[PDB]
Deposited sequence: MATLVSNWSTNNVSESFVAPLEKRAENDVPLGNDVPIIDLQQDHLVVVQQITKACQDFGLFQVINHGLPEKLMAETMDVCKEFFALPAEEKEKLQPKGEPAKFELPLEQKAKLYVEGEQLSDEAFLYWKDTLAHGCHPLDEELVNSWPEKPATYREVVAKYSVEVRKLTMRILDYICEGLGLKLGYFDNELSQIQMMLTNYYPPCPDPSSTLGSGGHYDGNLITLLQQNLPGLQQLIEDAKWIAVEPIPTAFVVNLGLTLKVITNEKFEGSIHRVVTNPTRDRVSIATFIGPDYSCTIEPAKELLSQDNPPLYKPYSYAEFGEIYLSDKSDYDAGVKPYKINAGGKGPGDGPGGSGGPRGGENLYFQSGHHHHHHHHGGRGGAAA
């Protein structure tokens, strides 16, 4: 592979990462209190769980994966239309809601992730936003509009389960804290040397909560510097708690630290729905949960200020929130 994609020695993935047998798989059609309790335990102990029987149509999940795969099969002349000034955009502020193709890496030793990402905003859905989405394939806009609404519906159900678990009023996150919905469609082409590369460097999702749809292996979670493989369940969503939710819960909940490894033989598409605050938001531990026994571990901070650090500084997983740590 090009030296551009060679990860630093310490960040390279070992070849035999074990299946995470203890990754919670939570059936959302269990009794209400059982669902709240199982989600609460997963949030406290892991920060990553899968949801099944989640009420989002399986047919729509399949149709969305199909149209996302069809997009990444488009020829160069079509993909160029989403490359500003002839090259992929960077994950940096301002992060615009119009559709673009993105490149990503780390400036520490600088290297690139073995990944192409299509990203666009999804909320609120209006003609201007959808008109800024891919023109091809022809059905992308119709399918992904329906998917966007359904994934948001499921995310808001999960956030209300989280509210009940924490003792926050229902709808606590149904406001500026969930206003941005970025859909990141990740394409991992086959890689000649998986031992040297990463599809996605180890990270927290910096936002509130992410729902991830996958049908192939490659996703790994950090649990004593131990990585585990997250079983692909094509009809499930992987729920990743973001660094923003870790802060708001005053670390009562864990954030998901995860990475993606490359494959030498097959390509892989994943669909990540990033829900989180507007860039104008102030983030702090929920005052409702604080006491002398539970003092705040973070001072209030600008989500925009956090965002700039989160997207630039990859010296540590929580580099984005280190400046705001107290007590």
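**Prompt:** Which residue ranges of the deposited sequence are not present in the modelled coordinates?
**Reply:** Those parts of the chain that were deposited but carry no coordinates are 1-12, 121-122, 238, 343-385.
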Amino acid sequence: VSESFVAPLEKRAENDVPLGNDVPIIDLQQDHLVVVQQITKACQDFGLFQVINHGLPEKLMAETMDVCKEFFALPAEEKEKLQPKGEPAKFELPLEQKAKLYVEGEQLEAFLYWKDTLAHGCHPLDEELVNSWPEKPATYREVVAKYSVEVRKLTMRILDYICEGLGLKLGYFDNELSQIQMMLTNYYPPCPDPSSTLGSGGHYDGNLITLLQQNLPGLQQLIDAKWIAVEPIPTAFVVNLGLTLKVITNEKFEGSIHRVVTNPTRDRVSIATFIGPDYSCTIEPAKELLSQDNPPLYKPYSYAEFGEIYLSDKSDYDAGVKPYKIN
From here on, numbers count along this sequence of modelled residues.
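Quick check: 224-232 versus 95-103, which has the larger average CA B-factor in the record? It is 224-232.
Look over 201-209 and 78-86 in the entry and identify the one with the greater average Cα temperature factor.
Higher mean C-alpha B-factor: 78-86.
- Could you check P134, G242, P124, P217 and tell me which one carries the biggest Cα B-factor in the deposited entry? Highest CA B-factor of the listed options: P124.
**OP:** Among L108, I162, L118, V238, single out the one with the highest C-alpha B factor in the record, please.
**Re:** Largest recorded C-alpha B-factor: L108.
(Q) Test of reading the entry: by CA B factor among the chain's modelled residues, which third contains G47? (A) For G47, whose C-alpha B-factor we compare with every modelled residue in the chain, the answer is the middle third.
Would you mind checking where the Cα B-factor of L184 ranks among the modelled residues of its chain, as the lowest, middle or highest third?
-> For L184, the deposited C-alpha B-factor lands in the lowest third.
| Lowest, middle or highest third of the chain for the C-alpha temperature factor of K169? | It belongs to the highest third of the chain when residues are ordered by C-alpha B-factor.
Quiz item: Which third of the chain does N175 land in by C-alpha B-factor: lowest, middle or highest?
Solution: According to the entry, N175 has a C-alpha B-factor in the chain's highest third.
- If you rank every modelled residue in this chain by C-alpha B factor, which third holds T64: lowest, middle or highest? Answer is lowest: the recorded C-alpha B-factor places it there.
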